[PDB]
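Reckoned from all heavy atoms, side chains included, excluding hydrogens, waters and symmetry mates. Naming convention: chains lettered A, B, ... in sequence-line order (proteins, then strands); numbering from 1 in each chain.
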Amino acid sequence: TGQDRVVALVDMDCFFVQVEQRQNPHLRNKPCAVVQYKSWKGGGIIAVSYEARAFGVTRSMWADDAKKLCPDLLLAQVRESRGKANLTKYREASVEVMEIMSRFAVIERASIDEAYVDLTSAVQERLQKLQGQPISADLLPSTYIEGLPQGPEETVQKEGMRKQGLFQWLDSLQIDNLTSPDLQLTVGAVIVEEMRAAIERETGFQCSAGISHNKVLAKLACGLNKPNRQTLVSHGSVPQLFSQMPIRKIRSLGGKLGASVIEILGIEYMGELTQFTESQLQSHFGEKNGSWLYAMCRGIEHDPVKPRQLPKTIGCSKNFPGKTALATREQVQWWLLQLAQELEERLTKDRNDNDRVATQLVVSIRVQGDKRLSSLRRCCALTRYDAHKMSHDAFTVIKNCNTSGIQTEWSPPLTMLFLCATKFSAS
DNA sequence: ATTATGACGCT
DNA sequence: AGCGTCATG
Ligand SMILES: [Mg+2]
């Protein structure tokens with residue numbers, strides 16, 4: 001029934017904003033956003049405080065426009081180094097959080113601001129340790145139970161709803177009404193409360209979490225009650241939760257596959273997938289996608305929390321849109337060098353911290369007039385952490401791309417440059 | 001003129 | 001080895 005594991009997804013609330021707010025107390029509890037590159041339209045917003053979100057401020061919005069919706073919006077700018085955004089401060093902040101989480105359980109770094117947590121073992125330890133002990137509501141001060149309260153005064157307030165639902169849940173657990181998987185999830189949520197308290201105490205950062213039996217449900221659960229709260233999605237809550245859940249909300253269905261599911265099957269909500277046989281879904285969407293959809297619409301997913309706290313690749317890139325697109329050989333080389341230099345510093349830090357060395361260098365560019373993130377990818381050996389070598393090699397593998405008869409000019413002009421270090425080995 | 005940056009499946 | 005999809009600060 002896909003109730004074998006206890007899995008959490010912890011997500012730092014508006015992470016880059018919290019990083020700037022911890023550093024500059026004047027930004028705390030105010031409508032605030034983080035932007036990069038001030039010159040064009042005041043900067044592109046990449047993170048927004050909940051206070052600012054209330055005014056309709058969103059990410060991918062220009063700061064000048066965000067200021068129209070929210071006149072008192074405060075802005076913090078991403079550091080800029082060698083002509084490009086420098087995300088070091090947030091990478092370092094993210095490391096502080098991951099190292100704390102890693103104390104409680106096996107962690108999978110999902111992105112700069114989120115990680116999956118496999119609590120299956122930690123739960124078992126706590127249960128035998130706490131054998132015969134009832135779980136108090138006081139152990140779950142920030143936990144929502146999805147789907148509760150239900151059934152025929154304080155409910156007008158959201159904290160009231162939260163407690164009433166928690167009490168119904170706990171009372172059921174205590175009387176033996178709710179299952180052993182439900183108990184495991186509950187102890188799981190207790191551990192996540194502790195993890196989230198430790199993160200806040202030791203970093204100042206708040207986060208939300210979802211607790212369920214797999215990564216997809218835990219990630220969905222996480223988004224149900226934000227900010228600074230955590231949500232338990234039990235196996236039993238799935239039918240009602242999915243019954244009105246737009247397909248695009250489920251992890252991996254937010255794009256073309258999701259749209260094709262909706263269009264081909266003529267459905268809107270996740271629960272509607274249950275009517276189809278596994279073979280039916282495999283026929284439309286392929287063997288892997290079909291099997292996954294068949295189990296997922298019933299709340300079952302088997303993808304493991306991978307034990308990996310460290311990124312698999314180390315990369316950096318810069319876009320050069322419109323007029324800014326690079327048109328000279330000298331220009332391309334100079335930006336490659338800027339990219340290579342950031343990369344050298346990050347790689348050397350990586351090698352000292354994490355005892356590994358990258359062995360491959362991937363060069364990626366986007367040619368002018370191409371919509372895809374990458375027009376092309378070429379690879380070469382990464383044999384030394386030297387910015388001059390890396391930029392020189394990077395140029396060598398892409399220099400053929402140039403269409404111009406003249407040596408100096410570059411055609412077609414470049415929309416993007418990207419360097420990625422990959423294929424790490426123990427050092 | 002979403003920017004910068006990830007993990008991953010398919011081939 | 002290189003490309004497409006999906007995600008998000
Ligand atoms: Mg997030």
(request) Write down the atom of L185(A), the atom of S212(A), and the distance for their closest heavy-atom approach. (result) CD2-O, 3.3 Å
(message) What contact category does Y37(A) fall into here, base, sugar-phosphate, or nothing, at under 4.0 angstrom with non-hydrogen atoms?
(response) sugar-phosphate
(message) At a heavy-atom distance below 4.0 Å, what parts of residues 277-286 of chain A sit against DNA chain C?
(response) none
(message) Heavy-atom nearest nucleotide on DNA chain B for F320(A) versus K312(A): which residue maps closer to 5'?
(response) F320(A)
(request) Could I get the full list of side-chain hydrogen bond (donor to acceptor under 3.5 Å, both in side chains) partners for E287(A), not counting sequence neighbours? (result) none
(request) Check every nucleotide of DNA chain B for an atom under 4.0 Å from a heavy-atom of chain A, then give the first and the last such nucleotide from 5' to 3'. (result) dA1(B) to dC10(B)
(request) Please identify each residue that fulfils salt bridge (charged side-chain N to carboxylate O under 4.0 Å, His left out) with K226(A), with sequence neighbours left out. (result) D11(A)
(message) Run the side-chain hydrogen bond (donor to acceptor under 3.5 Å, both in side chains) test against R366(A) and tell me which residues pass, sequence neighbours left out.
(response) none
(message) Going by ring-ring contact (aromatic ring centres under 6.0 Å, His included), name the pairs with one or both residues in residues 82-127 of chain A, residues two or more places apart or in two chains.
(response) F16(A)-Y90(A)
(request) Can you tell me which residue pairs pass the ring-ring contact (aromatic ring centres under 6.0 Å, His included) test with a partner in residues 378-408 of chain A, sequence neighbours excluded? (result) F395(A)-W410(A)
(request) Rounded to the nearest 0.5 Å, what's the gap from CE on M98(A) to CD on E114(A)? Could you check? (result) 8.5 Å
(request) With sequence neighbours excluded, tell me which residues meet salt bridge (charged side-chain N to carboxylate O under 4.0 Å, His left out) with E108(A). (result) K215(A), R308(A)
(request) Could you pull out all residues at least two apart from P304(A) that satisfy side-chain contact (heavy atoms from CB on, under 4.5 Å)? (result) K306(A)
(message) For a quick check of understanding: with a heavy-atom distance under 4.0 Å over all strands, which category does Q360(A) fall into, base, sugar-phosphate or nothing?
(response) sugar-phosphate
(message) Suppose the criterion is side-chain hydrogen bond (donor to acceptor under 3.5 Å, both in side chains): which pairs have a residue in residues 21-32 of chain A, not counting sequence neighbours?
(response) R22(A)-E96(A), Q23(A)-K89(A), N24(A)-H26(A)
(message) One character per nucleotide, please: for nucleotides 3-9 of chain C, 5' to 3', B when the base has a protein heavy atom closer than 4.0 Å, S when only the sugar-phosphate does, - otherwise.
(response) BBSBSBB
(message) Restricting to side-chain hydrogen bond (donor to acceptor under 3.5 Å, both in side chains), what partner residues turn up for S102(A), sequence neighbours left out?
(response) none
(request) Report which part of the nucleic acid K318(A) touches: base, sugar-phosphate, or nothing (heavy-atom distance under 4.0 Å, all strands). (result) sugar-phosphate
(request) Identify whether any heavy atom of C316(A) sits under 4.0 Å from a base atom; if not, whether one sits that close to sugar-phosphate; answer base, sugar-phosphate or nothing. (result) sugar-phosphate
(message) Heavy atoms only, 4.0 Å cut-off, all strands: where does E342(A) land among base, sugar-phosphate and nothing?
(response) sugar-phosphate
(message) Can you work out whether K288(A) or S317(A) has the more 5'-proximal nearest nucleotide on DNA chain B?
(response) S317(A)
